[PDB]
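Quick notes on the structure that follows.
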Amino acid sequence: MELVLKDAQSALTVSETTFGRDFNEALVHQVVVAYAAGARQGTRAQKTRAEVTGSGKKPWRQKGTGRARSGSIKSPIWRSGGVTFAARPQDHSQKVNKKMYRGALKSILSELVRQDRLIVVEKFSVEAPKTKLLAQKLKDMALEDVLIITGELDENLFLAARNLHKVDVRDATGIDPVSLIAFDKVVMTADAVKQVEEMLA
Amino acid sequence: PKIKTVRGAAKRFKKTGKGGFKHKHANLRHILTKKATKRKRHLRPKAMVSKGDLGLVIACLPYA
Amino acid sequence: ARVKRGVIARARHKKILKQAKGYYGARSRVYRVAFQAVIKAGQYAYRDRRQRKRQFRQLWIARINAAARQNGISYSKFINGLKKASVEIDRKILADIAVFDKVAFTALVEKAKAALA
Amino acid sequence: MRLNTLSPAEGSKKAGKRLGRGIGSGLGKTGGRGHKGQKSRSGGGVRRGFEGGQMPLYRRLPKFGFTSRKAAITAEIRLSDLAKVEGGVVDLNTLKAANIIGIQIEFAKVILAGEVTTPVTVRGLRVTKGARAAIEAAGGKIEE
RNA sequence: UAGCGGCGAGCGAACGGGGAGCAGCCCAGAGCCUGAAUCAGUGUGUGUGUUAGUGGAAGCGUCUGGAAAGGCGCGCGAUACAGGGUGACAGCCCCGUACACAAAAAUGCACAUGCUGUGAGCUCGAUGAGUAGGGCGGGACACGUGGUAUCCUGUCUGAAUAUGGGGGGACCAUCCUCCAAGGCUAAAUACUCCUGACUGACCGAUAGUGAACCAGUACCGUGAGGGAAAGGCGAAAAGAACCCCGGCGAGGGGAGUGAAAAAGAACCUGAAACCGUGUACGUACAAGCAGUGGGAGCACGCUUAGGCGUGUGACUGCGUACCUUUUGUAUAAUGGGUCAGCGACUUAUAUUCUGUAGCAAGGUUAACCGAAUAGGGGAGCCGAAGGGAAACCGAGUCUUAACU
RNA sequence: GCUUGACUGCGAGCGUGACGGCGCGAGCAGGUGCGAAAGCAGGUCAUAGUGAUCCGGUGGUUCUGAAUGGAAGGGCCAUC
Ligand SMILES: [K+]
Ligand SMILES: [K+]
Ligand SMILES: [K+]
Ligand SMILES: [K+]
Ligand SMILES: [K+]
Ligand SMILES: [K+]
Ligand SMILES: [K+]
Ligand SMILES: [K+]
Ligand SMILES: [K+]
Ligand SMILES: [K+]
Ligand SMILES: [K+]
Ligand SMILES: [K+]
Ligand SMILES: [K+]
Ligand SMILES: [K+]
Ligand SMILES: [K+]
Ligand SMILES: [Mg+2]
Ligand SMILES: [Mg+2]
Ligand SMILES: [Mg+2]
Ligand SMILES: [Mg+2]
Ligand SMILES: [Mg+2]
Ligand SMILES: [Mg+2]
Ligand SMILES: [Mg+2]
Ligand SMILES: [Mg+2]
Ligand SMILES: [Mg+2]
Ligand SMILES: [Mg+2]
Ligand SMILES: [Mg+2]
Ligand SMILES: [Mg+2]
Ligand SMILES: [Mg+2]
Ligand SMILES: [Mg+2]
Ligand SMILES: [Mg+2]
Ligand SMILES: [Mg+2]
Ligand SMILES: [Mg+2]
Ligand SMILES: [Mg+2]
Ligand SMILES: [Mg+2]
Ligand SMILES: [Mg+2]
Ligand SMILES: [Mg+2]
Ligand SMILES: [Mg+2]
Ligand SMILES: [Mg+2]
Ligand SMILES: [Mg+2]
Ligand SMILES: [Mg+2]
Ligand SMILES: [Mg+2]
Ligand SMILES: [Mg+2]
Ligand SMILES: [Mg+2]
Ligand SMILES: [Mg+2]
Ligand SMILES: [Mg+2]
Ligand SMILES: [Mg+2]
Ligand SMILES: [Mg+2]
Ligand SMILES: [Mg+2]
Ligand SMILES: [Mg+2]
Ligand SMILES: [Mg+2]
Ligand SMILES: [Mg+2]
Ligand SMILES: [Mg+2]
Ligand SMILES: [Mg+2]
Ligand SMILES: [Mg+2]
Ligand SMILES: [Mg+2]
Ligand SMILES: [Mg+2]
Ligand SMILES: [Mg+2]
Ligand SMILES: [Mg+2]
Ligand SMILES: [Mg+2]
């Protein structure tokens, strides 16, 4: 298993286990869905018939009026009444088994390699925290929508990338499954490839 | 919350290797003089809960 | 995720009321009544696809009987005669011939009578 | 591989039942509860073990036995566990250090389950007749 | 789980383990040397915050249009493409945003340094009595008096006090462990009337607060108390000068404004029930769930000049709504005046089974740590062994003196 | 006439019950009675003469025994 660099001209060597495995769609799907579920805030509520403001007085007597029997002004049948199954705040997070998480990342990375979406480089840097410099670097490399993964997250590249919405810059520790899929290309430094190699192995 | 064991059932049944339940036979507490030795001898060993009753026992003993 | 029903509910009610066009009173105007009317119209239509086949055969037979008797034979003998003559023309066609081509019908009767002879 | 081209495995995501949503569903009206009676009701149904008032099985049968406190602090060790300790000396502390038995276990028995292949010294533990022969056949020893 | 329990319904620990956070002291007293310590209080420095603020990049042409931020073309800023506004959707029009700065005055905090009280340390003592314990009655302990330890005490009593005393779940012995009857003590923990900022697979006017609106109002009630309905002209009021009918009306018709007035204030859209005017066809000898199958005629379209389409429907076969509940309903059993809107199998945690995915004799971590959906954390839990009430034995075990 | 088989441990197999249960049973081990012996005997010609569980009582049995030795209490067997 060989990965070639761009800015330096080399053929780096990585594992078939990480960067050469078959795409397990069902596993990747589960992990991606879990990741989106983990982003949910789950902050809402409605009022049950207990929580609607108003008295517990029976609106009219049980028998003799010719009306349907009533018990509470807060009945969910009534306008202004409670919500039958009123929401409470929820935790939507799912468990992802560690091995399933890591298995999904290996499937994703191997698929990026197969689809020619993983671009390995020796270095990726900018001289100053200037957006114009990074924009120039990316058009030089013929990239627009790109996830850039570095060993050490430098201030200059982070700051240069912030105002380009199609560009994101991570360290190797901050990889997530959705972002690997969502961006058109993934640029990894040779350093970052080693760190992801070690993390998954 | 956690399901609560029916504690009286836990005192009467024990789960066996293949997931059946053993119990002690009824009718060997008292009024023993009138009962034949043979009848009492056959009531002494533990017996397995019957097929019809396993559902009722399992409901009572979720942590067996 | 609160879902309001109005757009879908309107489309469903309108679908029924469109099928109730021409019905009397509340049956073409009021959803509750129109719905029952449309279901019943469907039940009758199902039944009457079967009844249509019965009613037309009854009509053809009555006309064949009239035409046969104008040519001196009953329906029941005419049909028996055609079967003995190995004529396989069905009642729709015989009734059509009885009205539109009386000379041809007469030829069928003579064939039937010859087979009975 | 895009966020709009991922699918779950076939059979992994069955749709839940939704009762009381019309005739065509097959669960309209009564919602699978049948007609009337206690089980049709909201909150309706009898408690576990209830048999309609007949003395239930868990009360018509006698209680038996007592619970041993000693059983809760006694463990069994497999032959497969003997290689998992550090240093090839199996005693109560080395088994606890290897997470084979719990901290509060005071007594342990080695039984003939799995296989021992390394030579090991078992110290202060009971050993079954069959486990003893297996340990000694693998070059081991048992110190009482 | 162990237990408690008309051993019913139910109630339900601890030991021990993993974490968060950690902090220890004083009096029951003199003496010695001294007031040094550490906390407070009250002053002034010293930063750093808070309560106003300041600067803050870069766009033009052309097309459609009432209007351009839209399309097309060619530029430019970005540590600023958070967000909001502007005549439709704006990085560059405006307000902001990133970033960089700012306080006369008051005030929080953290230091440092003055000052008032507090008095460190060291030898030598001392060591909480109507108390512990008990009898009676209750209560609390997961523990319902039970074989019931332990805690509290209304009532009656009542020690030993370090050579002494408490506890180790009836009780005794032994051993271990602790020192009651005096007191103080941060952090980890609980909550939000209120303030700021930010967020939402939360609502969007019958929803969301009862209350989007002058709502705890109107209104109801002697009172406590109960308690609504009710949002939207337009980009801009440019909110209709003037004329005409009318009662110097209401209301309307013109004119004018506007992209639009069938946006005219009873104002965005403008459904349905319900009520009309117009036109086609049917209908005054005809009996019933009002349709359906057949079907003439009439009217109006249409591309073979043909039929075809659309509306109507004379005449004719068949034909007793729907829901519910029932052995069984046209039923003269139930429910519905109609429309529109709302209105009922949910959520959490346990548990079992099925499917599916991962890993596999292993599988998986919880709290927590971590800026981390990562990573760490294997405390635990389930499984790989059972039998027996149990000791215990163990691929067996129990039964029995022993098994055919 | 003689006797204690109205035995103790078990039990192939079967009957009958939704279940709890109830019933029939040759044969095996131990020990026994009657018979010269083959044998027969685990009550009575058979089918009614009965009451789950809990709670507790009595005897037996160190199975358990909350620091340890005991004990209490619990279990198991017999029985009320
Ligand atoms: K960015
Ligand atoms: K059902
Ligand atoms: K333009
Ligand atoms: K803007
Ligand atoms: K006292
Ligand atoms: K002591
Ligand atoms: K209210
Ligand atoms: K309201
Ligand atoms: K008709
Ligand atoms: K009835
Ligand atoms: K009635
Ligand atoms: K489930
Ligand atoms: K599964
Ligand atoms: K056996
Ligand atoms: K014998
Ligand atoms: Mg509400
Ligand atoms: Mg984790
Ligand atoms: Mg007994
Ligand atoms: Mg909505
Ligand atoms: Mg209409
Ligand atoms: Mg059905
Ligand atoms: Mg019903
Ligand atoms: Mg019924
Ligand atoms: Mg039922
Ligand atoms: Mg209820
Ligand atoms: Mg009864
Ligand atoms: Mg462990
Ligand atoms: Mg600016
Ligand atoms: Mg507009
Ligand atoms: Mg003291
Ligand atoms: Mg005490
Ligand atoms: Mg006392
Ligand atoms: Mg006492
Ligand atoms: Mg007392
Ligand atoms: Mg008490
Ligand atoms: Mg004591
Ligand atoms: Mg409201
Ligand atoms: Mg509205
Ligand atoms: Mg006027
Ligand atoms: Mg309009
Ligand atoms: Mg508008
Ligand atoms: Mg309007
Ligand atoms: Mg007429
Ligand atoms: Mg007449
Ligand atoms: Mg009539
Ligand atoms: Mg009829
Ligand atoms: Mg009836
Ligand atoms: Mg009928
Ligand atoms: Mg009737
Ligand atoms: Mg009637
Ligand atoms: Mg009726
Ligand atoms: Mg009724
Ligand atoms: Mg009615
Ligand atoms: Mg076992
Ligand atoms: Mg006799
Ligand atoms: Mg008899
Ligand atoms: Mg009791
Ligand atoms: Mg003891
Ligand atoms: Mg003790």
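Quick note on labels: first sequence line is chain A, next is B, and so on, each numbered from 1. Worth knowing before you read on, the calculation uses all heavy atoms, side chains too, and leaves out hydrogens, waters and symmetry mates.
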Touch check for [X], heavy atoms < 4.0 angstrom, all strands: base, sugar-phosphate only, or nothing?
X: A:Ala37; value: base
X: A:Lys47; value: sugar-phosphate
X: D:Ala71; value: sugar-phosphate
X: D:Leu112; value: base
X: D:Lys96; value: nothing
X: C:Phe35; value: nothing
X: A:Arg88; value: nothing
X: D:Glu76; value: base
X: A:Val52; value: sugar-phosphate

Any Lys/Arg nitrogen of [X] or [Y] sitting under 4.0 Å from an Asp/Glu carboxylate oxygen of the other?
X: D:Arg59; Y: D:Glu51; answer: no
X: A:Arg88; Y: A:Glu51; answer: yes
X: C:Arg63; Y: C:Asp96; answer: no
X: D:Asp81; Y: D:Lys84; answer: yes

Examine E:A395: is either OP1 or OP2 under 4.0 Å from a nitrogen or oxygen in the side chain of D:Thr128? Give yes or no.
-> yes
Could you encode protein contacts along nucleotides 16-32 of chain F as a string, one character per nucleotide from 5' to 3', using B for base contact, S for sugar-phosphate-only contact and - for no contact, with a heavy-atom cut-off of under 4.0 Å?
-> --BBSSSS-B-------
Correct closest heavy-atom pair for C:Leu17 and C:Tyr31 would be CD2-N, 4.2 Å
Base of E:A273 relative to its sugar, syn (within 90° of 0) or anti?
-> anti
Per nearest nucleotide of RNA chain F, the residue lying toward the 5' end, B:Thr33 or B:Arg41, is B:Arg41
Closest to the 5' end of RNA chain F, once B:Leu32 and D:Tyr58 are matched to their nearest nucleotides, is D:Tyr58
Does C:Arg54 get its side chain close enough to the base of E:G317, under 3.5 Å, for a donor-acceptor pair?
-> no
Evaluate the stacking of F:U53 against F:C54, requiring that the six-membered ring centres lie under 5.5 Å apart and that the ring planes differ by under 30 degrees.
-> yes
Would you call A:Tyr35 stacked on E:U373, i.e. ring centres under 5.5 Å apart with the planes less than 30° off parallel?
-> yes
